[PDB]
file run17.cif (mmCIF, N, CA and C atoms and all ligand atoms)
data_data
loop_
_atom_site.label_atom_id
_atom_site.label_comp_id
_atom_site.auth_asym_id
_atom_site.auth_seq_id
_atom_site.Cartn_x
_atom_site.Cartn_y
_atom_site.Cartn_z
N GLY A 1 -10.47 1.40 -10.03
CA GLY A 1 -9.30 2.06 -9.46
C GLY A 1 -8.54 1.13 -8.54
N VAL A 2 -7.94 1.73 -7.51
CA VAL A 2 -7.18 1.01 -6.52
C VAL A 2 -7.69 1.38 -5.13
N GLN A 3 -8.03 0.35 -4.36
CA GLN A 3 -8.44 0.48 -2.98
C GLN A 3 -7.25 0.04 -2.13
N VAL A 4 -6.89 0.83 -1.12
CA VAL A 4 -5.78 0.51 -0.22
C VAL A 4 -6.32 0.23 1.18
N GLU A 5 -6.09 -0.97 1.71
CA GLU A 5 -6.54 -1.29 3.05
C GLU A 5 -5.32 -1.59 3.88
N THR A 6 -5.23 -1.02 5.08
CA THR A 6 -4.07 -1.23 5.93
C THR A 6 -4.11 -2.63 6.51
N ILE A 7 -2.95 -3.29 6.51
CA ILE A 7 -2.75 -4.51 7.27
C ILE A 7 -2.06 -4.18 8.59
N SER A 8 -0.98 -3.40 8.52
CA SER A 8 -0.35 -2.90 9.73
C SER A 8 0.27 -1.54 9.43
N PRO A 9 0.19 -0.57 10.37
CA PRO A 9 0.54 0.82 10.03
C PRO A 9 2.02 1.01 9.76
N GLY A 10 2.33 2.06 9.00
CA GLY A 10 3.68 2.52 8.80
C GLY A 10 4.03 3.64 9.78
N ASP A 11 5.02 4.48 9.43
CA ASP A 11 5.59 5.44 10.35
C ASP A 11 4.65 6.65 10.41
N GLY A 12 3.71 6.72 9.48
CA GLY A 12 2.73 7.79 9.43
C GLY A 12 3.34 9.19 9.21
N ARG A 13 4.53 9.25 8.60
CA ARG A 13 5.29 10.51 8.40
C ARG A 13 5.79 10.56 6.95
N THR A 14 6.31 9.44 6.46
CA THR A 14 7.14 9.41 5.26
C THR A 14 6.43 8.62 4.18
N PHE A 15 6.07 9.29 3.07
CA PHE A 15 5.41 8.66 1.94
C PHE A 15 6.34 8.68 0.72
N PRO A 16 6.14 7.79 -0.25
CA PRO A 16 6.87 7.85 -1.51
C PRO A 16 6.54 9.11 -2.28
N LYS A 17 7.61 9.81 -2.67
CA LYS A 17 7.55 11.05 -3.42
C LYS A 17 8.01 10.81 -4.86
N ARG A 18 7.48 11.60 -5.78
CA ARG A 18 7.77 11.39 -7.19
C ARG A 18 9.28 11.35 -7.42
N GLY A 19 9.71 10.34 -8.20
CA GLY A 19 11.11 10.19 -8.54
C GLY A 19 11.90 9.35 -7.52
N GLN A 20 11.32 9.01 -6.37
CA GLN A 20 12.08 8.21 -5.42
C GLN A 20 12.04 6.76 -5.84
N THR A 21 13.07 5.99 -5.46
CA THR A 21 13.02 4.55 -5.61
C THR A 21 12.31 3.93 -4.41
N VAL A 22 11.25 3.20 -4.71
CA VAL A 22 10.36 2.59 -3.74
C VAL A 22 10.74 1.14 -3.64
N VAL A 23 11.00 0.65 -2.43
CA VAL A 23 11.47 -0.71 -2.22
C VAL A 23 10.47 -1.48 -1.35
N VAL A 24 9.93 -2.59 -1.90
CA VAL A 24 8.83 -3.30 -1.28
C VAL A 24 9.08 -4.80 -1.31
N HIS A 25 8.34 -5.54 -0.47
CA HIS A 25 8.06 -6.95 -0.72
C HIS A 25 6.57 -7.08 -1.02
N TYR A 26 6.24 -7.94 -2.00
CA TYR A 26 4.84 -8.09 -2.33
C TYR A 26 4.53 -9.54 -2.64
N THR A 27 3.23 -9.86 -2.55
CA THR A 27 2.65 -11.06 -3.13
C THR A 27 1.43 -10.60 -3.90
N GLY A 28 1.35 -11.06 -5.15
CA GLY A 28 0.24 -10.77 -6.04
C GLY A 28 -0.65 -12.01 -6.20
N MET A 29 -1.97 -11.77 -6.09
CA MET A 29 -2.98 -12.80 -6.17
C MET A 29 -4.09 -12.37 -7.14
N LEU A 30 -4.69 -13.32 -7.82
CA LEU A 30 -5.95 -13.09 -8.48
C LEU A 30 -7.05 -13.00 -7.43
N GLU A 31 -8.21 -12.53 -7.86
CA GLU A 31 -9.29 -12.22 -6.95
C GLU A 31 -9.78 -13.49 -6.28
N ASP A 32 -9.59 -14.66 -6.90
CA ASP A 32 -9.97 -15.92 -6.29
C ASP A 32 -8.92 -16.42 -5.29
N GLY A 33 -7.81 -15.70 -5.17
CA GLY A 33 -6.81 -16.00 -4.14
C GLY A 33 -5.58 -16.76 -4.68
N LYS A 34 -5.58 -17.13 -5.97
CA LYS A 34 -4.43 -17.83 -6.52
C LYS A 34 -3.24 -16.88 -6.65
N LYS A 35 -2.14 -17.19 -5.98
CA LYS A 35 -0.91 -16.42 -6.09
C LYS A 35 -0.24 -16.54 -7.48
N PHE A 36 0.17 -15.41 -8.08
CA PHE A 36 0.84 -15.47 -9.38
C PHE A 36 2.30 -15.04 -9.28
N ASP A 37 2.70 -14.38 -8.19
CA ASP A 37 4.05 -13.86 -8.07
C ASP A 37 4.28 -13.33 -6.67
N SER A 38 5.52 -13.41 -6.21
CA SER A 38 5.93 -12.83 -4.96
C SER A 38 7.42 -12.51 -5.06
N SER A 39 7.81 -11.31 -4.64
CA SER A 39 9.21 -10.95 -4.47
C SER A 39 9.83 -11.75 -3.33
N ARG A 40 9.02 -12.22 -2.38
CA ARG A 40 9.58 -13.03 -1.30
C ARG A 40 10.15 -14.36 -1.82
N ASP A 41 9.56 -14.89 -2.86
CA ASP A 41 10.00 -16.12 -3.49
C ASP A 41 11.37 -15.95 -4.13
N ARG A 42 11.71 -14.72 -4.51
CA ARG A 42 12.99 -14.41 -5.12
C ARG A 42 14.01 -13.97 -4.07
N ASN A 43 13.57 -13.81 -2.81
CA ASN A 43 14.44 -13.41 -1.71
C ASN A 43 15.19 -12.12 -2.06
N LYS A 44 14.49 -11.17 -2.67
CA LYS A 44 15.11 -9.98 -3.23
C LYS A 44 13.98 -8.95 -3.25
N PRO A 45 14.10 -7.82 -2.52
CA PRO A 45 13.06 -6.79 -2.55
C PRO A 45 12.88 -6.28 -3.98
N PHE A 46 11.65 -5.87 -4.31
CA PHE A 46 11.31 -5.26 -5.59
C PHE A 46 11.47 -3.74 -5.49
N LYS A 47 12.07 -3.12 -6.51
CA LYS A 47 12.27 -1.68 -6.52
C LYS A 47 11.65 -1.11 -7.79
N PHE A 48 11.04 0.07 -7.65
CA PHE A 48 10.54 0.79 -8.80
C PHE A 48 10.63 2.28 -8.50
N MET A 49 10.72 3.09 -9.57
CA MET A 49 10.84 4.53 -9.41
C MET A 49 9.45 5.13 -9.62
N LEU A 50 8.95 5.79 -8.57
CA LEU A 50 7.61 6.36 -8.57
C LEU A 50 7.58 7.45 -9.64
N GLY A 51 6.55 7.37 -10.48
CA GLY A 51 6.28 8.31 -11.55
C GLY A 51 6.80 7.83 -12.91
N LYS A 52 7.68 6.84 -12.89
CA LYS A 52 8.34 6.38 -14.11
C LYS A 52 7.41 5.46 -14.92
N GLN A 53 6.35 4.98 -14.28
CA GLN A 53 5.40 4.06 -14.88
C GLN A 53 6.10 2.80 -15.38
N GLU A 54 6.97 2.25 -14.54
CA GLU A 54 7.51 0.93 -14.76
C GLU A 54 6.62 -0.13 -14.09
N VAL A 55 5.52 0.30 -13.48
CA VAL A 55 4.55 -0.59 -12.85
C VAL A 55 3.15 -0.15 -13.24
N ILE A 56 2.17 -1.01 -12.97
CA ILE A 56 0.78 -0.71 -13.31
C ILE A 56 0.25 0.47 -12.51
N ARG A 57 -0.78 1.12 -13.10
CA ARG A 57 -1.34 2.35 -12.57
C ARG A 57 -1.75 2.19 -11.11
N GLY A 58 -2.37 1.04 -10.77
CA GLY A 58 -2.85 0.90 -9.40
C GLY A 58 -1.72 0.82 -8.37
N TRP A 59 -0.53 0.34 -8.78
CA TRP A 59 0.66 0.46 -7.94
C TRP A 59 1.13 1.91 -7.80
N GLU A 60 1.23 2.63 -8.92
CA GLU A 60 1.68 4.02 -8.85
C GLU A 60 0.79 4.81 -7.88
N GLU A 61 -0.54 4.67 -8.01
CA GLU A 61 -1.47 5.44 -7.21
C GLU A 61 -1.58 4.87 -5.80
N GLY A 62 -1.60 3.53 -5.69
CA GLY A 62 -1.80 2.83 -4.44
C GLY A 62 -0.62 2.89 -3.48
N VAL A 63 0.58 2.57 -3.96
CA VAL A 63 1.74 2.50 -3.06
C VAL A 63 2.13 3.91 -2.59
N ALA A 64 1.76 4.91 -3.37
CA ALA A 64 2.00 6.31 -2.97
C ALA A 64 1.23 6.70 -1.70
N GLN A 65 0.21 5.92 -1.37
CA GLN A 65 -0.63 6.19 -0.20
C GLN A 65 -0.08 5.52 1.05
N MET A 66 1.04 4.79 0.92
CA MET A 66 1.57 4.02 2.04
C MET A 66 2.71 4.79 2.68
N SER A 67 2.85 4.66 4.02
CA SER A 67 3.99 5.25 4.70
C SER A 67 5.00 4.16 5.02
N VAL A 68 6.25 4.57 5.24
CA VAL A 68 7.31 3.59 5.27
C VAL A 68 7.07 2.64 6.42
N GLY A 69 7.21 1.33 6.18
CA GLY A 69 6.97 0.33 7.20
C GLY A 69 5.58 -0.29 7.08
N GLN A 70 4.67 0.39 6.37
CA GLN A 70 3.29 -0.04 6.32
C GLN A 70 3.19 -1.30 5.49
N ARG A 71 2.29 -2.20 5.94
CA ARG A 71 1.83 -3.29 5.10
C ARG A 71 0.39 -3.01 4.74
N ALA A 72 0.03 -3.11 3.46
CA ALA A 72 -1.32 -2.87 2.99
C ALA A 72 -1.74 -3.92 1.95
N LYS A 73 -3.05 -3.95 1.71
CA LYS A 73 -3.63 -4.69 0.63
C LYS A 73 -4.10 -3.71 -0.42
N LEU A 74 -3.64 -3.92 -1.65
CA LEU A 74 -4.11 -3.12 -2.77
C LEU A 74 -5.01 -3.98 -3.62
N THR A 75 -6.24 -3.50 -3.86
CA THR A 75 -7.19 -4.19 -4.73
C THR A 75 -7.38 -3.33 -5.98
N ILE A 76 -7.04 -3.90 -7.15
CA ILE A 76 -6.87 -3.10 -8.35
C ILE A 76 -7.80 -3.64 -9.42
N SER A 77 -8.66 -2.76 -9.93
CA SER A 77 -9.53 -3.08 -11.05
C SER A 77 -8.72 -3.28 -12.33
N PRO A 78 -9.22 -4.06 -13.31
CA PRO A 78 -8.42 -4.42 -14.48
C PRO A 78 -7.91 -3.19 -15.25
N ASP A 79 -8.70 -2.13 -15.33
CA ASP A 79 -8.30 -0.94 -16.05
C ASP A 79 -7.11 -0.23 -15.39
N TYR A 80 -6.84 -0.51 -14.11
CA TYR A 80 -5.64 0.02 -13.43
C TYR A 80 -4.55 -1.04 -13.31
N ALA A 81 -4.76 -2.18 -13.96
CA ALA A 81 -3.80 -3.26 -14.06
C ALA A 81 -3.57 -3.62 -15.54
N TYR A 82 -3.97 -4.82 -15.97
CA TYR A 82 -3.71 -5.26 -17.34
C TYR A 82 -4.95 -5.37 -18.22
N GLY A 83 -6.11 -4.86 -17.75
CA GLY A 83 -7.23 -4.64 -18.65
C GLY A 83 -7.85 -5.89 -19.26
N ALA A 84 -8.52 -5.64 -20.39
CA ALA A 84 -9.24 -6.64 -21.14
C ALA A 84 -8.30 -7.72 -21.68
N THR A 85 -7.12 -7.34 -22.10
CA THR A 85 -6.17 -8.30 -22.65
C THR A 85 -5.58 -9.21 -21.56
N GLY A 86 -5.41 -8.71 -20.34
CA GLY A 86 -4.56 -9.39 -19.37
C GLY A 86 -3.12 -9.35 -19.85
N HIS A 87 -2.28 -10.21 -19.27
CA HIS A 87 -0.88 -10.24 -19.62
C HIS A 87 -0.50 -11.70 -19.89
N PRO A 88 0.03 -11.97 -21.11
CA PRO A 88 0.45 -13.30 -21.53
C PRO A 88 1.18 -14.10 -20.45
N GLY A 89 0.67 -15.30 -20.25
CA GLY A 89 1.28 -16.27 -19.38
C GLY A 89 1.05 -16.03 -17.90
N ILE A 90 0.44 -14.91 -17.48
CA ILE A 90 0.37 -14.68 -16.04
C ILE A 90 -0.97 -14.10 -15.57
N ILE A 91 -1.52 -13.12 -16.26
CA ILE A 91 -2.70 -12.43 -15.77
C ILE A 91 -3.84 -12.65 -16.75
N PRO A 92 -4.96 -13.31 -16.35
CA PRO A 92 -6.10 -13.48 -17.26
C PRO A 92 -6.73 -12.18 -17.72
N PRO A 93 -7.50 -12.23 -18.82
CA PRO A 93 -8.35 -11.10 -19.19
C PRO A 93 -9.24 -10.65 -18.03
N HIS A 94 -9.45 -9.34 -17.92
CA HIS A 94 -10.43 -8.75 -17.02
C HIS A 94 -10.17 -9.17 -15.56
N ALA A 95 -8.90 -9.25 -15.15
CA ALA A 95 -8.54 -9.72 -13.81
C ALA A 95 -8.40 -8.55 -12.84
N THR A 96 -9.18 -8.58 -11.74
CA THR A 96 -8.97 -7.72 -10.60
C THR A 96 -7.82 -8.35 -9.81
N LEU A 97 -6.82 -7.54 -9.41
CA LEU A 97 -5.64 -8.12 -8.77
C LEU A 97 -5.61 -7.63 -7.34
N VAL A 98 -5.13 -8.49 -6.45
CA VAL A 98 -4.97 -8.11 -5.06
C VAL A 98 -3.51 -8.31 -4.70
N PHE A 99 -2.89 -7.27 -4.14
CA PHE A 99 -1.50 -7.39 -3.70
C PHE A 99 -1.36 -7.07 -2.22
N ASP A 100 -0.61 -7.93 -1.54
CA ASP A 100 -0.05 -7.63 -0.24
C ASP A 100 1.28 -6.92 -0.45
N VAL A 101 1.40 -5.66 0.00
CA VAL A 101 2.61 -4.89 -0.23
C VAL A 101 3.10 -4.41 1.14
N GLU A 102 4.39 -4.64 1.42
CA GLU A 102 5.05 -4.02 2.56
C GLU A 102 6.10 -3.04 2.05
N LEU A 103 5.95 -1.78 2.47
CA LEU A 103 6.86 -0.74 2.04
C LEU A 103 8.06 -0.73 2.98
N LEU A 104 9.22 -1.14 2.45
CA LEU A 104 10.40 -1.43 3.27
C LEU A 104 11.20 -0.15 3.45
N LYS A 105 11.45 0.56 2.35
CA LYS A 105 12.33 1.73 2.42
C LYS A 105 12.18 2.55 1.15
N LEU A 106 12.73 3.76 1.24
CA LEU A 106 12.78 4.69 0.14
C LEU A 106 14.26 5.03 -0.09
N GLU A 107 14.68 5.06 -1.35
CA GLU A 107 16.01 5.52 -1.69
C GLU A 107 16.00 6.40 -2.95
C1 LIG B 1 7.99 -8.24 -11.48
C2 LIG B 1 7.65 -6.84 -11.62
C3 LIG B 1 6.30 -6.22 -11.65
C4 LIG B 1 5.81 -6.26 -13.17
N1 LIG B 1 4.95 -5.10 -13.36
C5 LIG B 1 5.28 -4.29 -14.57
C6 LIG B 1 5.44 -5.25 -15.67
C7 LIG B 1 6.66 -5.30 -16.37
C8 LIG B 1 6.86 -6.23 -17.39
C9 LIG B 1 5.76 -6.99 -17.82
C10 LIG B 1 4.54 -6.83 -17.16
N2 LIG B 1 4.38 -5.93 -16.13
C11 LIG B 1 3.91 -4.73 -12.56
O1 LIG B 1 3.40 -3.65 -12.84
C12 LIG B 1 3.32 -5.46 -11.43
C13 LIG B 1 3.41 -4.66 -10.11
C14 LIG B 1 4.79 -4.66 -9.66
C15 LIG B 1 5.27 -6.05 -9.31
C16 LIG B 1 5.21 -6.84 -10.61
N3 LIG B 1 3.95 -6.78 -11.30
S1 LIG B 1 2.98 -8.24 -11.20
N4 LIG B 1 1.42 -7.88 -11.50
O2 LIG B 1 3.29 -8.94 -9.87
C17 LIG B 1 3.55 -9.24 -12.40
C18 LIG B 1 4.48 -10.21 -12.10
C19 LIG B 1 4.99 -11.00 -13.09
CL1 LIG B 1 6.19 -12.29 -12.63
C20 LIG B 1 4.58 -10.83 -14.41
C21 LIG B 1 3.63 -9.88 -14.71
CL2 LIG B 1 3.03 -9.79 -16.33
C22 LIG B 1 3.10 -9.04 -13.75
#

call {"tool": "encode", "arguments": {"input": "run17.cif", "output": "structure tokens", "more": "lines below"}}
Ligand SMILES: C=C[C@H]1CN(Cc2ccccn2)C(=O)[C@@H]2CCC[C@H]1N2[S@](=N)(=O)c1cc(Cl)cc(Cl)c1
result
Amino acid sequence: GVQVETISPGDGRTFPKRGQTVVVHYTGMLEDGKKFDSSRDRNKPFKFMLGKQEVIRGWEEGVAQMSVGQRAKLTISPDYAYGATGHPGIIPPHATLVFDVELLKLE
């Protein structure tokens, strides 16, 4: 599944609700710590619509547990990410993924 560990607290009031656009900065790492992607590198926040499944399961379930402003670590088992196949060119087979996610805003 997805384990969510707080790095720094959010507002403790406002969580992502189904259908909202969730706006974050993230860095994604393999379990050995090698970075594979960051929205900070693109200088552009990442947005996704909660419930639309435009992101992996562990993001849908994990980021929903964050309150606005919060920074957390999400640790995601392969079955809640890209599984046995992994993802061509970026994610190895059977990869547990760790993401640093800061929840910036909801729209
Ligand atoms: C860049 C957008 C996302 C891509 N997806 C969905 C996705 C969409 C297209 C292909 C593969 N996966 C995702 O579900 C996750 C979580 C949200 C941030 C990022 N990824 S990611 N694990 O950082 C990532 C980043 C990159 Cl450049 C490629 C891949 Cl195959 C996966």

call {"tool": "select_by_dssp", "arguments": {"input": "run17.cif", "residues": "region 17-85 of chain A", "states": "strand (DSSP E or B)", "output": "PyMOL selection string"}}
result
chain A and resi 21-30+35-38+46-49+71-76

call {"tool": "write_last_selection", "arguments": {"input": "run17.cif", "atoms": "N, CA and C atoms", "output": "PDB file, in the coordinates of the input"}}
result
ATOM      1  N   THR A  21      13.070   5.990  -5.460  1.00  0.00           N
ATOM      2  CA  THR A  21      13.020   4.550  -5.610  1.00  0.00           C
ATOM      3  C   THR A  21      12.310   3.930  -4.410  1.00  0.00           C
ATOM      4  N   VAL A  22      11.250   3.200  -4.710  1.00  0.00           N
ATOM      5  CA  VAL A  22      10.360   2.590  -3.740  1.00  0.00           C
ATOM      6  C   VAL A  22      10.740   1.140  -3.640  1.00  0.00           C
ATOM      7  N   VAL A  23      11.000   0.650  -2.430  1.00  0.00           N
ATOM      8  CA  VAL A  23      11.470  -0.710  -2.220  1.00  0.00           C
ATOM      9  C   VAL A  23      10.470  -1.480  -1.350  1.00  0.00           C
ATOM     10  N   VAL A  24       9.930  -2.590  -1.900  1.00  0.00           N
ATOM     11  CA  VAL A  24       8.830  -3.300  -1.280  1.00  0.00           C
ATOM     12  C   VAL A  24       9.080  -4.800  -1.310  1.00  0.00           C
ATOM     13  N   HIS A  25       8.340  -5.540  -0.470  1.00  0.00           N
ATOM     14  CA  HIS A  25       8.060  -6.950  -0.720  1.00  0.00           C
ATOM     15  C   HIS A  25       6.570  -7.080  -1.020  1.00  0.00           C
ATOM     16  N   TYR A  26       6.240  -7.940  -2.000  1.00  0.00           N
ATOM     17  CA  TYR A  26       4.840  -8.090  -2.330  1.00  0.00           C
ATOM     18  C   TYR A  26       4.530  -9.540  -2.640  1.00  0.00           C
ATOM     19  N   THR A  27       3.230  -9.860  -2.550  1.00  0.00           N
ATOM     20  CA  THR A  27       2.650 -11.060  -3.130  1.00  0.00           C
ATOM     21  C   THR A  27       1.430 -10.600  -3.900  1.00  0.00           C
ATOM     22  N   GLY A  28       1.350 -11.060  -5.150  1.00  0.00           N
ATOM     23  CA  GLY A  28       0.240 -10.770  -6.040  1.00  0.00           C
ATOM     24  C   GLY A  28      -0.650 -12.010  -6.200  1.00  0.00           C
ATOM     25  N   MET A  29      -1.970 -11.770  -6.090  1.00  0.00           N
ATOM     26  CA  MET A  29      -2.980 -12.800  -6.170  1.00  0.00           C
ATOM     27  C   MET A  29      -4.090 -12.370  -7.140  1.00  0.00           C
ATOM     28  N   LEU A  30      -4.690 -13.320  -7.820  1.00  0.00           N
ATOM     29  CA  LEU A  30      -5.950 -13.090  -8.480  1.00  0.00           C
ATOM     30  C   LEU A  30      -7.050 -13.000  -7.430  1.00  0.00           C
ATOM     31  N   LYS A  35      -2.140 -17.190  -5.980  1.00  0.00           N
ATOM     32  CA  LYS A  35      -0.910 -16.420  -6.090  1.00  0.00           C
ATOM     33  C   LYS A  35      -0.240 -16.540  -7.480  1.00  0.00           C
ATOM     34  N   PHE A  36       0.170 -15.410  -8.080  1.00  0.00           N
ATOM     35  CA  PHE A  36       0.840 -15.470  -9.380  1.00  0.00           C
ATOM     36  C   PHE A  36       2.300 -15.040  -9.280  1.00  0.00           C
ATOM     37  N   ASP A  37       2.700 -14.380  -8.190  1.00  0.00           N
ATOM     38  CA  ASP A  37       4.050 -13.860  -8.070  1.00  0.00           C
ATOM     39  C   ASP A  37       4.280 -13.330  -6.670  1.00  0.00           C
ATOM     40  N   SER A  38       5.520 -13.410  -6.210  1.00  0.00           N
ATOM     41  CA  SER A  38       5.930 -12.830  -4.960  1.00  0.00           C
ATOM     42  C   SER A  38       7.420 -12.510  -5.060  1.00  0.00           C
ATOM     43  N   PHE A  46      11.650  -5.870  -4.310  1.00  0.00           N
ATOM     44  CA  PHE A  46      11.310  -5.260  -5.590  1.00  0.00           C
ATOM     45  C   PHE A  46      11.470  -3.740  -5.490  1.00  0.00           C
ATOM     46  N   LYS A  47      12.070  -3.120  -6.510  1.00  0.00           N
ATOM     47  CA  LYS A  47      12.270  -1.680  -6.520  1.00  0.00           C
ATOM     48  C   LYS A  47      11.650  -1.110  -7.790  1.00  0.00           C
ATOM     49  N   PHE A  48      11.040   0.070  -7.650  1.00  0.00           N
ATOM     50  CA  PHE A  48      10.540   0.790  -8.800  1.00  0.00           C
ATOM     51  C   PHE A  48      10.630   2.280  -8.500  1.00  0.00           C
ATOM     52  N   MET A  49      10.720   3.090  -9.570  1.00  0.00           N
ATOM     53  CA  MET A  49      10.840   4.530  -9.410  1.00  0.00           C
ATOM     54  C   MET A  49       9.450   5.130  -9.620  1.00  0.00           C
ATOM     55  N   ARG A  71       2.290  -2.200   5.940  1.00  0.00           N
ATOM     56  CA  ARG A  71       1.830  -3.290   5.100  1.00  0.00           C
ATOM     57  C   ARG A  71       0.390  -3.010   4.740  1.00  0.00           C
ATOM     58  N   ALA A  72       0.030  -3.110   3.460  1.00  0.00           N
ATOM     59  CA  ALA A  72      -1.320  -2.870   2.990  1.00  0.00           C
ATOM     60  C   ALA A  72      -1.740  -3.920   1.950  1.00  0.00           C
ATOM     61  N   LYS A  73      -3.050  -3.950   1.710  1.00  0.00           N
ATOM     62  CA  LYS A  73      -3.630  -4.690   0.630  1.00  0.00           C
ATOM     63  C   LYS A  73      -4.100  -3.710  -0.420  1.00  0.00           C
ATOM     64  N   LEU A  74      -3.640  -3.920  -1.650  1.00  0.00           N
ATOM     65  CA  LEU A  74      -4.110  -3.120  -2.770  1.00  0.00           C
ATOM     66  C   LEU A  74      -5.010  -3.980  -3.620  1.00  0.00           C
ATOM     67  N   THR A  75      -6.240  -3.500  -3.860  1.00  0.00           N
ATOM     68  CA  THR A  75      -7.190  -4.190  -4.730  1.00  0.00           C
ATOM     69  C   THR A  75      -7.380  -3.330  -5.980  1.00  0.00           C
ATOM     70  N   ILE A  76      -7.040  -3.900  -7.150  1.00  0.00           N
ATOM     71  CA  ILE A  76      -6.870  -3.100  -8.350  1.00  0.00           C
ATOM     72  C   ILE A  76      -7.800  -3.640  -9.420  1.00  0.00           C
TER      73      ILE A  76
END

call {"tool": "residues_near_point", "arguments": {"input": "run17.cif", "point": "(6.4, -14.2, -5.1)", "cutoff": "5 Å", "atoms": "only N, CA and C atoms", "output": "VMD selection string"}}
result
chain A and resid 37 to 41

call {"tool": "select_by_dssp", "arguments": {"input": "run17.cif", "residues": "region 1-84 of chain A", "states": "alpha helix (DSSP H)", "output": "MDAnalysis selection string"}}
result
chainID A and resid 57:63

call {"tool": "residues_near_ligand", "arguments": {"input": "run17.cif", "ligand": "ligand LIG 1 (chain B)", "cutoff": "6 Å", "atoms": "all atoms listed in the file", "output": "list in words"}}
result
residues 28, 36, 37, 54, 55, 56, 87, 90 and 91 of chain A

call {"tool": "atom_distance", "arguments": {"input": "run17.cif", "atom1": "CA of residue 65 (chain A)", "atom2": "atom C of residue 88 (chain A)"}}
result
28.7 Å

call {"tool": "closest_residue", "arguments": {"input": "run17.cif", "among": "A:35, A:16, A:52, A:30", "to": "residue 97 (chain A)", "atoms": "only N, CA and C atoms"}}
result
A:30

call {"tool": "axis_aligned_box", "arguments": {"input": "run17.cif", "around": "region 31-41 of chain A", "padding_each_side": "6 Å", "output": "JSON"}}
result
{"center_x": 0.7, "center_y": -14.4, "center_z": -5.3, "size_x": 33.3, "size_y": 18.9, "size_z": 20.1}

call {"tool": "atom_distance", "arguments": {"input": "run17.cif", "atom1": "atom C of residue 79 (chain A)", "atom2": "CA of residue 11 (chain A)"}}
result
29.3 Å

call {"tool": "residues_around", "arguments": {"input": "run17.cif", "residues": "residue 12 (chain A)", "least_positions_apart": "3", "cutoff": "6.5 Å", "atoms": "all atoms listed in the file", "output": "PyMOL selection string"}}
result
chain A and resi 9+67-68
